[PDB]
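Below is one structure, written out as C-alpha cells; comments come after it.
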Amino acid sequence: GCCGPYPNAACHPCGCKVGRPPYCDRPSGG
C-alpha cells in the first residue's frame, strides 16, 4: 500500500519501498 505515478502531493513513481520503476531498483548510491 503506497500510491504511484498519478498527481503530486504524496504520490510519486518510486516513492514506495518494494515495487517501483527501473532507475530506483537499479544501484542508486547509499
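Don't overthink the numbers, they just go from 1 along the chain as shown.
Going by what the header records, the deposited coordinates were determined by solution NMR.
Yeah, the Cβs are placed from backbone N, Cα and C, and that goes for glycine too.
Pulled from Swiss-Prot:
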- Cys2-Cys16: disulfide bond (DISULFID)
- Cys3-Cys11: disulfide bond (DISULFID)
- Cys14-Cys24: disulfide bond (DISULFID)
- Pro7: 4-hydroxyproline (MOD_RES)
- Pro13: 4-hydroxyproline (MOD_RES)
- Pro21: 4-hydroxyproline (MOD_RES)
- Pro22: 4-hydroxyproline (MOD_RES)
- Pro27: 4-hydroxyproline (MOD_RES)
- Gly30: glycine amide (MOD_RES)
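Positions of the features from Swiss-Prot, shown on the structure.
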residue : record           : Cβ contacts under 8 Å, 6 or more apart
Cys2    : disulfide bond   : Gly15, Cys16, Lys17, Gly19
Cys3    : disulfide bond   : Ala10, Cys11, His12, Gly15, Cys16
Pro7    : 4-hydroxyproline : none
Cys14   : disulfide bond   : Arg20, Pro21, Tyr23, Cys24, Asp25
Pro22   : 4-hydroxyproline : none
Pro27   : 4-hydroxyproline : none
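Rounded to a whole number, the distance between the Cα atoms of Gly30 (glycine amide) and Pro13 (4-hydroxyproline) is 20 Å. Sequence-distant neighbours of the residue listed as 'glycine amide' (same chain, 6+ residues apart, CB-CB distance under 8 A): none. According to DSSP, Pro13 (4-hydroxyproline) is assigned to coil rather than to any helix or strand.
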